[PDB]
Structures are given as structure tokens and as C-alpha cells.
Amino acid sequence: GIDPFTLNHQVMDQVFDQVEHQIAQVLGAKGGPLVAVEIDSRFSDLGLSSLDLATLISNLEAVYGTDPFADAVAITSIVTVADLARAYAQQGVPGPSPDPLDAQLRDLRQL
């Protein structure tokens, strides 16, 4: 039986499996040999180039319909599989304010 603590691993594994399938899709479509996706592996090491990495993200975005720019604001922080998976693993929790105008109303307590 799963616990809250192990659920963090489950959700991380969940997005990992998704990413793995998408990586195989990318390399498979391009006609390149499918490399084994290790969680601590670098996308560039798996065979994903700068453009392919961006494509991989978009392929995952098109799955969930979500894409956090909060923590994943720095594309250079997306190096290993765990880095990209981490971003989408933290899905379901309100982080930044979706609207900056109402966020302004929260700060602006004066006239």
C-alpha cells in the first residue's frame, strides 16, 4: 500500500514513465537507436539535442495540458531526466499567481 511519502516517488515515477515513452517516440521518429532512459541521465547524453529537448518538453506539455514556468523558468536547469520530470511531478499545487492583476490587489491594500 502506498503512503504520502512514497506517493512522491509514485508521481515522480509516473511522469518519468511518460517522459521515457516520449523520448522513445522522438528518437524513433527521427530514426535513431533507442537509448535506455535513466533518471539521472542527461538529455544530451540520451541523444536529445537543444531543439529535441524543447520538442520533448512540448510533447509532454501536449499530454497534460500544463507547463510550469515557475521553477522551470530556466531552460538551463533542464539537464537530466529528473530535472524535467521534477517540474511536472509538482503538478496539482498552487505555486505562483495565475493572474498578476489580482495578485496586485492582494499587495495593494491602499488607495
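We did not get these values from a lab; they are worked out from the coordinates using the rules stated.
Residue-wise HN-Hα couplings along the range 31-43, as the Karplus relation 6.51 cos²θ - 1.76 cosθ + 1.60 with θ = phi - 60° gives them from phi, are x, x, x, 7, 8, 6, 7, 9, 5, 9, 7, 7, 4 Hz; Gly and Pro carry x.
How high is the relative contact order of the chain, in percent, with contacts defined as C-alpha pairs under 8 Å that are six or more residues apart? Taking the mean separation of contacting Cα pairs over the length of the chain, I get 30 percent. Think of it as helices only: each DSSP H run of n ≥ 4 in the chain is worth -39500 (n - 2.57), and spread over all residues that comes to -18000 deg cm²/dmol at 222 nm. Rounded to the nearest whole Hz, the Karplus-based 3J(HN,Hα) values (6.51 cos²θ - 1.76 cosθ + 1.60, θ = phi - 60°) of the range 47-62 follow the sequence x, 7, 8, 4, 5, 5, 4, 4, 4, 4, 4, 4, 5, 7, 4, 5, with x at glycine and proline.
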